[PDB]
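Proteins come first, then strands; the chains are lettered A, B, ... in the order of their sequence lines, and each starts at number 1.
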Amino acid sequence: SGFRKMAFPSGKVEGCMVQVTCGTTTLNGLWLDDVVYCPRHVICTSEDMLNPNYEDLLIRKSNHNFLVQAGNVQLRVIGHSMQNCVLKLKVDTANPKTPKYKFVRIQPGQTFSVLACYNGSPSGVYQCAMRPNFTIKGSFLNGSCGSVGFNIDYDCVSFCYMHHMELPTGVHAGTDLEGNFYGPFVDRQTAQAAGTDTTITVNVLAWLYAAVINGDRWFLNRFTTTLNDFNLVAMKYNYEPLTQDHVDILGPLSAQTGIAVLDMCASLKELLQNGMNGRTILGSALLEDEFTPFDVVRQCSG
Amino acid sequence: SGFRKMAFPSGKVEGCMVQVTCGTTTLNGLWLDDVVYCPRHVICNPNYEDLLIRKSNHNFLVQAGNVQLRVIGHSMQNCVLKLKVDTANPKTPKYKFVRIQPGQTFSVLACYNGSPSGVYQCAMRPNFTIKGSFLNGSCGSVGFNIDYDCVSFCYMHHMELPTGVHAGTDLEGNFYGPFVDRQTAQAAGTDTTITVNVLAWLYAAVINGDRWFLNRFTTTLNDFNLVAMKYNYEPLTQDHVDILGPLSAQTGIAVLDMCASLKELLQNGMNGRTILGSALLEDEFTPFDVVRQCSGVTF
Ligand SMILES: C[C@@H]1CCN(S(=O)(=O)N2Cc3ccc(Cl)cc3[C@H](C(=O)Nc3cncc4ccccc34)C2)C1
Ligand SMILES: C[C@@H]1CCN(S(=O)(=O)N2Cc3ccc(Cl)cc3[C@H](C(=O)Nc3cncc4ccccc34)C2)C1
Ligand SMILES: [Cl-]
């Protein structure tokens, strides 16, 4: 029993965190085999950030301009290349602690663990989600750039996020491990702002199924709804549209609890209308959207 | 910016998790140097001295990854079984066994069959239970804090109570709370809110740019405690006020000034507003957790 926002054990990722320094800038790198991956803005000054020409700034650098530190050991840089918004530093030592891994690009609504680091040293681990507006509501300070997001289903670490920047509203933007940004963001200090955020509907529904599994049914009603009527209502509360794919994905939880997806949708419709009236659901007074259908099955069942 | 329920990096603890089997019961063990620590109920009104005397070393099957550790001795300390093994754990970190007080927080590495599955942050409730997330097979999972490079082990999971909350011991086998390790009628006492922790989280909200709850008012410590007793909040002591000093100086809001804001939130609610994305007053961040997360302390 119990339901917690649970992160993956961070050990496999801790053994990859290094510090990368170029001139006055110091940030985090991910050391996998003989390559260190880090945000390409490590080659920029604060001035450069307005309109940086990364190809021009990079061509002026040599291998010895990049200082890479793994614990108390300096790694030697023997090559460098840029792939989108990530700098790849070839080093002379393969990481002996390299876990089994994959680089995966996630979609909005997907969750992952973040190992927040400063000066190549891990300070904490937390669970979060890729928001529909492609930002993440993280907890990051100056120097956290290069911290990574991941999942560890089985013994394979799937790296899905690398931290690059903090937006004006305090939310965060970054790339997959191939350097492609999530969202319409650029690694440039420009007037860019997060789009209006919405609630991840399929995730709230999954969390309502988690409450049922844990013994809570107070929010259920005798009603059902069509998918289209549900979407017309949910859109008015800034909820993401629920697609047929979402309904399919919720099938296992629907079968385990005996509550049809569209009957759970009717309960969500009523919660949006009435609020909770002094009650909580799994210890929360708000509708939680940072647990996917997959996370619910993983935690409530094993 | 941002404020998350953050756990310590679990790596130093992952390298210590093993699977312990005795007969039909399988649970988790903590392998430090040449000893494996685990709940004594793995041998299971039980007379533990009588159940233990009937066991030999080879009755305990200890597995570290894909390797079997041979048990060469066994002894009991309170509600923890200590299994002497032939091999010292080469991944043993620098560590201490510490007993925590209610209100203190820690990270839990939840394991099943000696394999870590997740990490989460939680607090020792004033009623000595923890609101964790555990299933059958989670027994022996541990709670810890990291200070510098030293892992301070403070909790070992033993059981779930009827309300879905959890009970366990420190690493010396002494239970937190009036609980015993057996199938008997047990229940968590009436819980209270950790006041010093809510105040710390209110200081964290001010640091992150949320000030709607601040007011021009102050209060005496005694008047605040009279209001706190009415709302099932733990009494705030002068020690709590001292501990909140750094956060008070960083934000320019006196502790009793922040107490007056808390008094108003308890008496009137949040009125459709949230604080750090929460419609409830959060009490599982200590003053030290707030300073550490708003400063970036690394391990
Ligand atoms: C919120 C401030 C406002 C201006 N900057 S900054 O620190 O000068 N800045 C600009 C900038 C622009 C583009 C890119 Cl790709 C990176 C960056 C850097 C950045 O975003 N780094 C940070 C990443 N995460 C949390 C941060 C928290 C507090 C500071 C900085 C953080 C540096 C951010
Ligand atoms: C809540 C159930 C009700 C009955 N039992 S049990 O599973 O039969 N049971 C008896 C028992 C008695 C004394 C001690 Cl010290 C430990 C235990 C065990 C226990 O508490 N283990 C669990 C620990 N955490 C989460 C668990 C989740 C689901 C099952 C079990 C869990 C097993 C607990
Ligand atoms: Cl995805």
Quiz item: So which of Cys122(B), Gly118(B), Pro9(B) has the largest heavy-atom pair count under 4.5 angstrom toward chain A?
Solution: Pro9(B)
Quiz item: Is any side-chain heavy atom of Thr274(B) less than 4.5 Å from a side-chain heavy atom of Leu286(A)?
Solution: yes
Quiz prompt | Most chain A-contacting option - heavy-atom pairs closer than 4.5 Å, from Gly11(B), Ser1(B), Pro116(B) | solution = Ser1(B)
Self-check item: Among the listed options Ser278(B), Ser10(B), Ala110(B), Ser115(B), the residue most often paired with chain A at heavy-atom distances under 4.5 Å
Solution: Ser10(B)
Practice problem: May I ask you to decide if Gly2(B)'s main-chain N or O and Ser139(A)'s side chain share a donor-acceptor pair within less than 3.5 Å? | Solution: yes
Quiz prompt | Enclosure of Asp155(A) CG (heavy-atom neighbours >12, cutoff 6.0 Å) | solution = no
Self-check item: Value rounded to 0.5 Å, distance of CE in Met17(A) from OG1 in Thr298(B)
Solution: 11.5 Å
Quiz prompt | Exercise: identify the closest heavy-atom pair between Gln293(B) and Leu141(A) | solution = O-CD1, 3.6 Å
Quiz item: Looking at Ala7(B), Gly164(B), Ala279(B), which makes the most heavy-atom pairs under 4.5 Å with chain A?
Solution: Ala7(B)
Practice problem: Indicate yes or no: at least one non-hydrogen side-chain atom of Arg4(B) is less than 4.5 angstrom from one of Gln127(A). | Solution: no
Quiz prompt | Contacting moiety of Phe3(B), where chain A heavy atoms sit under 4.5 Å | solution = backbone
Quiz item: Should we count CZ of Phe294(A) as having more than 12 external heavy atoms under 6.0 Å?
Solution: no
Quiz item: If we only count heavy atoms from C-beta on, is the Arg298(A) to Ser117(B) side-chain gap below 4.5 Å?
Solution: yes
Quiz item: Considering only heavy atoms, which portion of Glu290(A) lies under 4.5 Å from any heavy atom of chain B: side chain, backbone, both, or neither?
Solution: side chain
Exercise. Select one option (side chain, backbone, both, neither) describing which atoms of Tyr118(A) are under 4.5 Å from chain B's heavy atoms.
Key: both
Quiz item: For atom CZ of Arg273(B), is the number of surrounding heavy atoms from other residues, nucleotides or ligands below 6.0 Å larger than 12?
Solution: yes
Self-check item: Nearest heavy atoms of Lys5(A) and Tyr120(B), plus distance in Å
Solution: O-CB, 3.8 Å
Exercise. Tell me, out of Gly283(A), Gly15(A), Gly138(A), who's got the most heavy-atom pairs with chain B below 4.5 Å.
Key: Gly138(A)
